[PDB]
$ cat coords.cif   # mmCIF, N, CA and C atoms
data_work
loop_
_atom_site.label_atom_id
_atom_site.label_comp_id
_atom_site.auth_asym_id
_atom_site.auth_seq_id
_atom_site.Cartn_x
_atom_site.Cartn_y
_atom_site.Cartn_z
N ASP X 6 -59.85 -59.55 -3.49
CA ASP X 6 -58.40 -59.67 -3.59
C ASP X 6 -57.83 -58.48 -4.34
N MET X 7 -58.43 -57.31 -4.13
CA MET X 7 -57.98 -56.08 -4.78
C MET X 7 -56.97 -55.34 -3.90
N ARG X 8 -55.96 -56.09 -3.46
CA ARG X 8 -54.94 -55.60 -2.53
C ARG X 8 -53.66 -55.36 -3.33
N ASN X 9 -53.41 -54.11 -3.69
CA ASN X 9 -52.26 -53.77 -4.50
C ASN X 9 -51.08 -53.31 -3.64
N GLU X 10 -49.87 -53.42 -4.18
CA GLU X 10 -48.64 -52.94 -3.52
C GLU X 10 -47.83 -52.19 -4.58
N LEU X 11 -46.90 -51.32 -4.20
CA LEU X 11 -46.14 -50.46 -5.09
C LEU X 11 -44.65 -50.54 -4.77
N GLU X 12 -43.86 -49.97 -5.68
CA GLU X 12 -42.43 -49.77 -5.49
C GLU X 12 -42.11 -48.33 -5.86
N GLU X 13 -40.98 -47.84 -5.36
CA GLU X 13 -40.64 -46.43 -5.42
C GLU X 13 -39.43 -46.18 -6.31
N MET X 14 -39.43 -45.01 -6.96
CA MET X 14 -38.30 -44.51 -7.72
C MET X 14 -37.87 -43.17 -7.13
N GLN X 15 -36.59 -42.85 -7.31
CA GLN X 15 -36.00 -41.67 -6.69
C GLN X 15 -35.41 -40.75 -7.75
N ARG X 16 -35.38 -39.46 -7.43
CA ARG X 16 -34.75 -38.45 -8.27
C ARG X 16 -33.91 -37.53 -7.39
N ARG X 17 -32.79 -37.07 -7.93
CA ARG X 17 -31.85 -36.24 -7.19
C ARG X 17 -32.04 -34.78 -7.59
N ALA X 18 -32.30 -33.93 -6.60
CA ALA X 18 -32.36 -32.50 -6.84
C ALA X 18 -30.98 -31.98 -7.25
N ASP X 19 -30.97 -31.01 -8.15
CA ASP X 19 -29.71 -30.51 -8.68
C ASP X 19 -28.81 -30.00 -7.55
N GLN X 20 -27.53 -30.32 -7.65
CA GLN X 20 -26.57 -29.92 -6.63
C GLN X 20 -26.47 -28.40 -6.57
N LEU X 21 -25.84 -27.91 -5.50
CA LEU X 21 -25.79 -26.48 -5.21
C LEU X 21 -24.84 -25.75 -6.15
N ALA X 22 -25.32 -25.29 -7.31
CA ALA X 22 -24.48 -24.49 -8.23
C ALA X 22 -25.33 -23.93 -9.36
N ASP X 23 -24.79 -23.44 -10.44
CA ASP X 23 -25.52 -22.79 -11.53
C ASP X 23 -25.84 -21.35 -11.12
N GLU X 24 -25.43 -20.96 -9.91
CA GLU X 24 -25.21 -19.56 -9.56
C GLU X 24 -23.77 -19.30 -9.12
N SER X 25 -22.92 -20.34 -9.11
CA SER X 25 -21.52 -20.20 -8.75
C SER X 25 -20.61 -20.14 -9.96
N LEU X 26 -21.11 -19.67 -11.11
CA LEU X 26 -20.28 -19.56 -12.30
C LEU X 26 -20.41 -18.21 -13.00
N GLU X 27 -21.17 -17.27 -12.46
CA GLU X 27 -21.23 -15.93 -13.06
C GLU X 27 -20.66 -14.91 -12.08
N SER X 28 -21.16 -14.89 -10.85
CA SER X 28 -20.50 -14.06 -9.84
C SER X 28 -19.13 -14.61 -9.48
N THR X 29 -18.94 -15.93 -9.60
CA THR X 29 -17.67 -16.55 -9.23
C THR X 29 -16.52 -16.00 -10.08
N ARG X 30 -16.65 -16.04 -11.42
CA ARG X 30 -15.61 -15.58 -12.34
C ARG X 30 -15.28 -14.11 -12.11
N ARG X 31 -16.31 -13.28 -11.93
CA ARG X 31 -16.07 -11.88 -11.62
C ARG X 31 -15.34 -11.73 -10.29
N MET X 32 -15.73 -12.53 -9.29
CA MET X 32 -15.04 -12.48 -8.00
C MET X 32 -13.56 -12.81 -8.17
N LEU X 33 -13.26 -13.86 -8.94
CA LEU X 33 -11.87 -14.27 -9.14
C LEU X 33 -11.08 -13.18 -9.87
N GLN X 34 -11.68 -12.58 -10.90
CA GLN X 34 -10.99 -11.52 -11.62
C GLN X 34 -10.69 -10.33 -10.71
N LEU X 35 -11.67 -9.93 -9.91
CA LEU X 35 -11.45 -8.82 -8.98
C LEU X 35 -10.38 -9.17 -7.95
N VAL X 36 -10.37 -10.41 -7.48
CA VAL X 36 -9.35 -10.84 -6.52
C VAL X 36 -7.97 -10.75 -7.15
N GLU X 37 -7.84 -11.18 -8.40
CA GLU X 37 -6.55 -11.09 -9.09
C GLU X 37 -6.10 -9.64 -9.21
N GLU X 38 -7.02 -8.75 -9.59
CA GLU X 38 -6.65 -7.34 -9.73
C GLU X 38 -6.22 -6.76 -8.38
N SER X 39 -6.94 -7.10 -7.31
CA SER X 39 -6.56 -6.62 -5.99
C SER X 39 -5.19 -7.15 -5.58
N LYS X 40 -4.90 -8.41 -5.91
CA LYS X 40 -3.58 -8.97 -5.61
C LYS X 40 -2.48 -8.19 -6.32
N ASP X 41 -2.69 -7.89 -7.61
CA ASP X 41 -1.70 -7.12 -8.35
C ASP X 41 -1.50 -5.73 -7.72
N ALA X 42 -2.61 -5.07 -7.36
CA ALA X 42 -2.50 -3.76 -6.73
C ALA X 42 -1.74 -3.85 -5.41
N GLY X 43 -2.00 -4.89 -4.63
CA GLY X 43 -1.29 -5.06 -3.37
C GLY X 43 0.20 -5.26 -3.58
N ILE X 44 0.58 -6.03 -4.60
CA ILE X 44 2.00 -6.22 -4.90
C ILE X 44 2.65 -4.89 -5.25
N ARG X 45 1.98 -4.10 -6.10
CA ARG X 45 2.52 -2.80 -6.47
C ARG X 45 2.68 -1.90 -5.25
N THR X 46 1.68 -1.91 -4.36
CA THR X 46 1.76 -1.12 -3.14
C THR X 46 2.92 -1.58 -2.27
N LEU X 47 3.13 -2.89 -2.17
CA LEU X 47 4.28 -3.42 -1.44
C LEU X 47 5.58 -2.81 -1.97
N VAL X 48 5.76 -2.86 -3.29
CA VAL X 48 7.01 -2.37 -3.88
C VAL X 48 7.19 -0.89 -3.58
N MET X 49 6.13 -0.10 -3.80
CA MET X 49 6.24 1.34 -3.59
C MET X 49 6.54 1.66 -2.13
N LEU X 50 5.90 0.94 -1.20
CA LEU X 50 6.13 1.19 0.22
C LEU X 50 7.57 0.86 0.61
N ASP X 51 8.12 -0.24 0.09
CA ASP X 51 9.51 -0.56 0.39
C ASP X 51 10.44 0.54 -0.13
N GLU X 52 10.18 1.03 -1.35
CA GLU X 52 11.02 2.10 -1.89
C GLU X 52 10.94 3.35 -1.01
N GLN X 53 9.73 3.70 -0.57
CA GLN X 53 9.57 4.89 0.27
C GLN X 53 10.31 4.73 1.59
N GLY X 54 10.23 3.54 2.20
CA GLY X 54 10.97 3.30 3.43
C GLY X 54 12.47 3.45 3.24
N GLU X 55 12.99 2.90 2.14
CA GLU X 55 14.41 3.07 1.85
C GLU X 55 14.78 4.54 1.73
N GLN X 56 13.94 5.32 1.04
CA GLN X 56 14.25 6.73 0.85
C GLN X 56 14.23 7.49 2.17
N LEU X 57 13.27 7.17 3.05
CA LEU X 57 13.24 7.82 4.37
C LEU X 57 14.49 7.47 5.18
N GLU X 58 14.90 6.20 5.15
CA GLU X 58 16.12 5.81 5.83
C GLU X 58 17.31 6.59 5.28
N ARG X 59 17.36 6.78 3.96
CA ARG X 59 18.43 7.57 3.38
C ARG X 59 18.40 9.01 3.89
N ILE X 60 17.21 9.59 4.00
CA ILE X 60 17.09 10.98 4.44
C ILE X 60 17.62 11.15 5.87
N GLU X 61 17.38 10.14 6.72
CA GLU X 61 17.73 10.26 8.13
C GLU X 61 19.20 10.65 8.33
N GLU X 62 20.10 10.00 7.59
CA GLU X 62 21.53 10.22 7.81
C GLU X 62 21.93 11.65 7.48
N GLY X 63 21.44 12.18 6.35
CA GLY X 63 21.73 13.56 6.02
C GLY X 63 21.17 14.52 7.06
N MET X 64 19.96 14.24 7.55
CA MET X 64 19.38 15.04 8.62
C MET X 64 20.31 15.10 9.84
N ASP X 65 20.75 13.93 10.30
CA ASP X 65 21.61 13.89 11.48
C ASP X 65 22.93 14.61 11.23
N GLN X 66 23.50 14.42 10.04
CA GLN X 66 24.78 15.06 9.73
C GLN X 66 24.65 16.58 9.73
N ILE X 67 23.58 17.11 9.13
CA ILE X 67 23.42 18.56 9.11
C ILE X 67 23.22 19.09 10.52
N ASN X 68 22.44 18.38 11.34
CA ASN X 68 22.26 18.82 12.73
C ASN X 68 23.60 18.90 13.45
N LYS X 69 24.41 17.84 13.34
CA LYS X 69 25.70 17.83 14.03
C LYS X 69 26.59 18.96 13.52
N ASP X 70 26.64 19.15 12.20
CA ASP X 70 27.50 20.18 11.63
C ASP X 70 27.11 21.56 12.14
N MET X 71 25.81 21.87 12.12
CA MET X 71 25.37 23.18 12.57
C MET X 71 25.68 23.39 14.05
N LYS X 72 25.43 22.37 14.87
CA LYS X 72 25.71 22.51 16.30
C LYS X 72 27.19 22.77 16.55
N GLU X 73 28.06 22.00 15.89
CA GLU X 73 29.49 22.18 16.08
C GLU X 73 29.94 23.56 15.61
N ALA X 74 29.43 24.01 14.46
CA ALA X 74 29.81 25.32 13.95
C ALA X 74 29.38 26.42 14.91
N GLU X 75 28.16 26.33 15.43
CA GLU X 75 27.68 27.35 16.37
C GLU X 75 28.53 27.36 17.63
N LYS X 76 28.85 26.19 18.17
CA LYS X 76 29.67 26.14 19.38
C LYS X 76 31.05 26.74 19.12
N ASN X 77 31.66 26.40 17.98
CA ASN X 77 32.98 26.93 17.66
C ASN X 77 32.94 28.45 17.53
N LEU X 78 31.94 28.98 16.82
CA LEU X 78 31.85 30.42 16.65
C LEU X 78 31.66 31.12 17.98
N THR X 79 30.80 30.56 18.85
CA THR X 79 30.62 31.15 20.17
C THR X 79 31.93 31.13 20.96
N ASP X 80 32.66 30.02 20.90
CA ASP X 80 33.91 29.92 21.65
C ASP X 80 34.92 30.95 21.18
N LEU X 81 35.06 31.13 19.86
CA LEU X 81 36.00 32.12 19.35
C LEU X 81 35.54 33.54 19.66
N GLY X 82 34.23 33.78 19.64
CA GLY X 82 33.73 35.13 19.83
C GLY X 82 34.08 35.71 21.19
N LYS X 83 33.92 34.91 22.24
CA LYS X 83 34.16 35.39 23.60
C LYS X 83 35.65 35.41 23.90
N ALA F 191 -34.93 -27.19 0.18
CA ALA F 191 -35.79 -26.72 -0.90
C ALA F 191 -35.43 -25.28 -1.27
N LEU F 192 -36.39 -24.36 -1.14
CA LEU F 192 -36.13 -22.96 -1.49
C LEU F 192 -35.27 -22.26 -0.44
N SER F 193 -35.17 -22.81 0.77
CA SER F 193 -34.35 -22.18 1.80
C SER F 193 -32.89 -22.12 1.36
N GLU F 194 -32.34 -23.26 0.93
CA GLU F 194 -30.95 -23.28 0.48
C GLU F 194 -30.76 -22.45 -0.79
N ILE F 195 -31.76 -22.44 -1.67
CA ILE F 195 -31.66 -21.64 -2.89
C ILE F 195 -31.54 -20.16 -2.55
N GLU F 196 -32.40 -19.68 -1.65
CA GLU F 196 -32.33 -18.28 -1.24
C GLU F 196 -31.04 -17.99 -0.49
N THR F 197 -30.57 -18.94 0.32
CA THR F 197 -29.31 -18.74 1.03
C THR F 197 -28.15 -18.58 0.05
N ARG F 198 -28.11 -19.43 -0.98
CA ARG F 198 -27.04 -19.33 -1.97
C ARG F 198 -27.16 -18.04 -2.77
N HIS F 199 -28.39 -17.62 -3.07
CA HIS F 199 -28.58 -16.38 -3.82
C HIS F 199 -28.28 -15.14 -2.99
N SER F 200 -28.30 -15.26 -1.66
CA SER F 200 -28.06 -14.12 -0.78
C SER F 200 -26.62 -14.04 -0.28
N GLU F 201 -25.80 -15.06 -0.51
CA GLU F 201 -24.43 -15.11 -0.01
C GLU F 201 -23.40 -14.79 -1.08
N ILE F 202 -23.81 -14.21 -2.20
CA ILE F 202 -22.91 -13.91 -3.31
C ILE F 202 -22.80 -12.42 -3.57
N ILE F 203 -23.90 -11.68 -3.45
CA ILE F 203 -23.88 -10.25 -3.73
C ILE F 203 -23.01 -9.51 -2.72
N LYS F 204 -23.07 -9.92 -1.45
CA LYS F 204 -22.31 -9.25 -0.41
C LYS F 204 -20.81 -9.33 -0.69
N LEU F 205 -20.34 -10.48 -1.17
CA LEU F 205 -18.94 -10.61 -1.55
C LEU F 205 -18.58 -9.62 -2.65
N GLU F 206 -19.46 -9.47 -3.64
CA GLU F 206 -19.20 -8.52 -4.72
C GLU F 206 -19.09 -7.10 -4.18
N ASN F 207 -20.00 -6.72 -3.28
CA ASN F 207 -19.97 -5.37 -2.72
C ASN F 207 -18.68 -5.13 -1.94
N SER F 208 -18.31 -6.09 -1.08
CA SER F 208 -17.09 -5.94 -0.30
C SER F 208 -15.87 -5.85 -1.20
N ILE F 209 -15.82 -6.68 -2.24
CA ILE F 209 -14.67 -6.68 -3.14
C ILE F 209 -14.57 -5.36 -3.89
N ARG F 210 -15.71 -4.81 -4.33
CA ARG F 210 -15.68 -3.53 -5.02
C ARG F 210 -15.20 -2.41 -4.09
N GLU F 211 -15.66 -2.43 -2.84
CA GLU F 211 -15.19 -1.43 -1.88
C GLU F 211 -13.68 -1.55 -1.68
N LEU F 212 -13.18 -2.78 -1.54
CA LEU F 212 -11.74 -2.99 -1.42
C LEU F 212 -11.01 -2.45 -2.64
N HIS F 213 -11.56 -2.69 -3.83
CA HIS F 213 -10.94 -2.19 -5.05
C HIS F 213 -10.80 -0.67 -5.02
N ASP F 214 -11.89 0.02 -4.67
CA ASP F 214 -11.84 1.48 -4.63
C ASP F 214 -10.81 1.96 -3.61
N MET F 215 -10.80 1.35 -2.43
CA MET F 215 -9.84 1.75 -1.40
C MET F 215 -8.41 1.56 -1.88
N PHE F 216 -8.13 0.42 -2.52
CA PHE F 216 -6.78 0.14 -2.98
C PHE F 216 -6.36 1.12 -4.07
N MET F 217 -7.28 1.47 -4.97
CA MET F 217 -6.94 2.44 -6.01
C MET F 217 -6.58 3.79 -5.41
N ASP F 218 -7.42 4.30 -4.51
CA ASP F 218 -7.11 5.56 -3.85
C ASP F 218 -5.76 5.48 -3.14
N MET F 219 -5.51 4.34 -2.48
CA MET F 219 -4.23 4.10 -1.82
C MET F 219 -3.07 4.26 -2.79
N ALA F 220 -3.18 3.65 -3.97
CA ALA F 220 -2.10 3.72 -4.94
C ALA F 220 -1.84 5.16 -5.37
N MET F 221 -2.91 5.91 -5.68
CA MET F 221 -2.71 7.29 -6.13
C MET F 221 -2.01 8.12 -5.06
N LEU F 222 -2.52 8.05 -3.83
CA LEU F 222 -1.93 8.86 -2.77
C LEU F 222 -0.50 8.43 -2.46
N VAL F 223 -0.20 7.14 -2.60
CA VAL F 223 1.17 6.68 -2.37
C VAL F 223 2.11 7.27 -3.41
N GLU F 224 1.67 7.31 -4.67
CA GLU F 224 2.50 7.93 -5.70
C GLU F 224 2.77 9.40 -5.37
N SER F 225 1.72 10.12 -4.95
CA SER F 225 1.90 11.53 -4.60
C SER F 225 2.89 11.68 -3.45
N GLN F 226 2.75 10.85 -2.42
CA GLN F 226 3.64 10.93 -1.27
C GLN F 226 5.08 10.62 -1.66
N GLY F 227 5.28 9.66 -2.56
CA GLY F 227 6.62 9.36 -3.03
C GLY F 227 7.26 10.54 -3.73
N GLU F 228 6.50 11.23 -4.59
CA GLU F 228 7.03 12.42 -5.24
C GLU F 228 7.41 13.48 -4.20
N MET F 229 6.53 13.69 -3.21
CA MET F 229 6.83 14.67 -2.17
C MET F 229 8.12 14.31 -1.44
N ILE F 230 8.30 13.03 -1.12
CA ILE F 230 9.49 12.60 -0.39
C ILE F 230 10.74 12.78 -1.24
N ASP F 231 10.63 12.57 -2.55
CA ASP F 231 11.78 12.81 -3.43
C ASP F 231 12.19 14.28 -3.37
N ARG F 232 11.21 15.19 -3.45
CA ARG F 232 11.53 16.61 -3.31
C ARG F 232 12.17 16.89 -1.95
N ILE F 233 11.65 16.24 -0.91
CA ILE F 233 12.22 16.39 0.43
C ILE F 233 13.70 16.04 0.43
N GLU F 234 14.03 14.89 -0.16
CA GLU F 234 15.42 14.44 -0.18
C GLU F 234 16.31 15.43 -0.93
N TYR F 235 15.83 15.92 -2.08
CA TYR F 235 16.62 16.88 -2.84
C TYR F 235 16.92 18.12 -2.00
N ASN F 236 15.89 18.66 -1.34
CA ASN F 236 16.08 19.85 -0.52
C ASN F 236 17.07 19.59 0.61
N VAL F 237 16.95 18.43 1.27
CA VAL F 237 17.85 18.12 2.38
C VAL F 237 19.29 18.03 1.90
N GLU F 238 19.51 17.38 0.75
CA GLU F 238 20.86 17.26 0.21
C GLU F 238 21.45 18.64 -0.08
N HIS F 239 20.66 19.51 -0.72
CA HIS F 239 21.16 20.85 -1.00
C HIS F 239 21.52 21.58 0.29
N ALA F 240 20.65 21.48 1.30
CA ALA F 240 20.90 22.18 2.56
C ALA F 240 22.19 21.70 3.22
N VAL F 241 22.40 20.39 3.26
CA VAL F 241 23.59 19.87 3.94
C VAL F 241 24.85 20.25 3.18
N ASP F 242 24.81 20.20 1.84
CA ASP F 242 25.98 20.61 1.07
C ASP F 242 26.32 22.07 1.33
N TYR F 243 25.30 22.94 1.34
CA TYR F 243 25.55 24.34 1.62
C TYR F 243 26.08 24.54 3.04
N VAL F 244 25.61 23.74 4.00
CA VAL F 244 26.11 23.85 5.36
C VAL F 244 27.60 23.55 5.40
N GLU F 245 28.00 22.46 4.75
CA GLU F 245 29.42 22.11 4.72
C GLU F 245 30.24 23.24 4.08
N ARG F 246 29.77 23.75 2.94
CA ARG F 246 30.52 24.80 2.25
C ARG F 246 30.66 26.04 3.13
N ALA F 247 29.55 26.49 3.72
CA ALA F 247 29.58 27.72 4.50
C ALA F 247 30.46 27.57 5.74
N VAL F 248 30.34 26.44 6.44
CA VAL F 248 31.14 26.26 7.65
C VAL F 248 32.62 26.22 7.30
N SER F 249 32.98 25.50 6.23
CA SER F 249 34.39 25.46 5.83
C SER F 249 34.90 26.85 5.48
N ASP F 250 34.12 27.61 4.70
CA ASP F 250 34.56 28.93 4.28
C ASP F 250 34.76 29.85 5.48
N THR F 251 33.78 29.91 6.38
CA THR F 251 33.89 30.80 7.53
C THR F 251 35.03 30.38 8.44
N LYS F 252 35.21 29.07 8.64
CA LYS F 252 36.30 28.60 9.48
C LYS F 252 37.65 29.02 8.91
N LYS F 253 37.86 28.81 7.61
CA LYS F 253 39.14 29.20 7.03
C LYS F 253 39.33 30.72 7.08
N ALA F 254 38.26 31.48 6.84
CA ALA F 254 38.37 32.93 6.86
C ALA F 254 38.76 33.44 8.25
N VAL F 255 38.12 32.92 9.29
CA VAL F 255 38.45 33.37 10.64
C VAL F 255 39.83 32.88 11.05
N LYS F 256 40.23 31.69 10.59
CA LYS F 256 41.57 31.20 10.90
C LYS F 256 42.63 32.11 10.30
N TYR F 257 42.45 32.51 9.04
CA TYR F 257 43.42 33.40 8.40
C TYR F 257 43.27 34.84 8.87
N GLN F 258 42.08 35.24 9.29
CA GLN F 258 41.83 36.62 9.73
C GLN F 258 42.20 37.60 8.62
#

$ encode --input "coords.cif" --output "structure tokens"
Amino acid sequence: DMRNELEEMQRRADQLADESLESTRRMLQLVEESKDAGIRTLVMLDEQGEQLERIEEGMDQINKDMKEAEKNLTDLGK
Amino acid sequence: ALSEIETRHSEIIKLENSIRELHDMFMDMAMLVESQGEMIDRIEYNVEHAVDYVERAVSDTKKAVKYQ
């Protein structure tokens, strides 16, 4: 009558982490810095676009003025 | 077992490398954008001077030829 039976106990392997808290924090800090740099680039790019738009009008005005002056001088000369 | 451990250990360094490359690119971007902005400011100053001189010269020559 040496017929034995058993029961079982369970253990849980550690969840997936303990490497997600050293590279993670550095990743977040770098992401924040990149976000700030992107915001600054946004602002600078908008300012540059405004300045180019401003330049356009003066360019067109000088072109028109020179063309009209040349035509007038030619007309009077002949 | 060790498969997931190695997978987790191998899926973190690549993010760091990509992020650092992005950082360097963005920094270079900022410097060159500042330089381009300064250049464009000089451009605008030169254009303004040129147009003002055009107006002055055309007015002067027109009045001079009108009066003869």

$ resolve_selection --input "coords.cif" --expression "the PyMOL selection byres ((chain X) within 7 of (chain F))" --output "PyMOL selection string"
chain X and resi 28+32+35+39+42+46+53+60+63-64+66-67+74

$ atom_distance --input "coords.cif" --atom1 "atom CA of residue X:20" --atom2 "atom CA of residue X:34"
24.6 Å

$ select_by_dssp --input "coords.cif" --residues "chain X" --states "helix (DSSP H, G or I)" --output "PyMOL selection string"
chain X and resi 28-82

$ atom_distance --input "coords.cif" --atom1 "atom C of residue F:257" --atom2 "atom C of residue X:70"
21.2 Å

$ closest_residue --input "coords.cif" --among "X:80, X:30, X:50, X:22" --to "residue F:222" --atoms "only C-alpha atoms"
X:50
